[PDB]
Each structure stands twice: as structure tokens, then as C-alpha cells.
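Q:
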Amino acid sequence: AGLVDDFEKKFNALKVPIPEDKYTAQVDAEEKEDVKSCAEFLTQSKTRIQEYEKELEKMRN
Amino acid sequence: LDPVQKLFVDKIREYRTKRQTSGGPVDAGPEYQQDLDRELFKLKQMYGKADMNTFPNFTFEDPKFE
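Sequence lines, in order, name chains A and B. Read left to right, the first sequence gives residues 225 to 285 (our numbering). Read left to right, the second sequence gives residues 30 to 95 (our numbering).
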């Protein structure tokens, strides 16, 4: 005896890390690829889109 | 614990005659000791084995990510 008691305080006292990272390039491997996604391809793609719209204006004449 | 007083006088005092000694409780009885040692180890084998007078603290881990 005193095992449970020893264990009691020690278990109630015994604490725990929380499990590591691996692969959290995602937060970043996002936003930069996101600039490619969105902005870089976006803006270019809108630039394309507009010329056809302007030219569909022209084709409306 | 139970009854009849002349018979139980023979036995109920013999409940506690055993208890009315405690280094070999009027007999621990070598056979009791031997088979006890057998079953107490064998019990230990039949148990889980991570010492029973020690605290199994924690472990840590790291899960599959790509």
C-alpha cells in the first residue's frame, strides 16, 4: 500500500506533451502558391478575359 | 462469523487462533507458503508485467503527415 496514494498524487500530477508537427508547410505552401492561384494567374486571366470582352464590344460592331 | 457455540468454540476460536498469531498465523503453513509463491509469481505471469509498485507515466508520439 501507499502504491495507490503515490500513484494518486503522481498521476494527478503527471502531465503530457502534445503530439509534434510534421508537414505544416501547408500555411505557407498555400499563400504563395495562392498568389499563383489567385493574383498571378487571376490577374493575367482577367487580362485575357477583358480582351475578348472588349473584342465582343467590337464584334457588337 | 457464524454459530453453534460448543462446535464453533472449537472453530470460531480457530478462526481467530489463526489470526491470534500472525508470524505463521497459528500456521501460515509451509504448503500454503509454497503454492502461494507458485500462484503469486504465476498470477504475475498471468497479469500484465510492468511492475505493480511503479507508476507507468506517459509516452509521446508523432503521426503520419505527407
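Backbone N, C-alpha and C fix where the C-beta goes; we use that ideal spot for every residue, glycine too.
For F87(B) and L238(A), which I take to be in contact (beta-carbon distance under 8 Å), what is that distance rounded to the nearest angstrom?
A: Confirmed, about 6 Å.
Q: How is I242(A) classed by DSSP in three states: helix, strand or coil?
A: In this structure, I242(A) counts as coil in the three-state DSSP scheme.
Q: Candidates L30(B), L36(B) and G58(B): which alpha carbon is nearest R45(B)'s?
A: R45(B) has its Cα closest to that of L30(B), out of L30(B), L36(B) and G58(B).
Q: In the DSSP assignment, the alpha helix (DSSP H) including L266(A) goes from what residue to what residue?
A: Where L266(A) is concerned, the enclosing alpha helix (DSSP H) stretches over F265 to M283.
Q: Give the single residue among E277(A), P243(A), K282(A) and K278(A) whose Cα lies nearest to the Cα of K93(B).
A: Nearest option by C-alpha distance: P243(A).
Q: Note down, in chain order, every chain B residue with its Cβ under 9 Å from the Cβ of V228(A).
A: None at all; the shortest Cβ gap to chain B is about 10 Å.
Q: Can you give the Cα-Cα distance for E255(A) and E264(A), rounded to whole angstroms?
A: Distance between the alpha carbons of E255(A) and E264(A) is about 12 Å.
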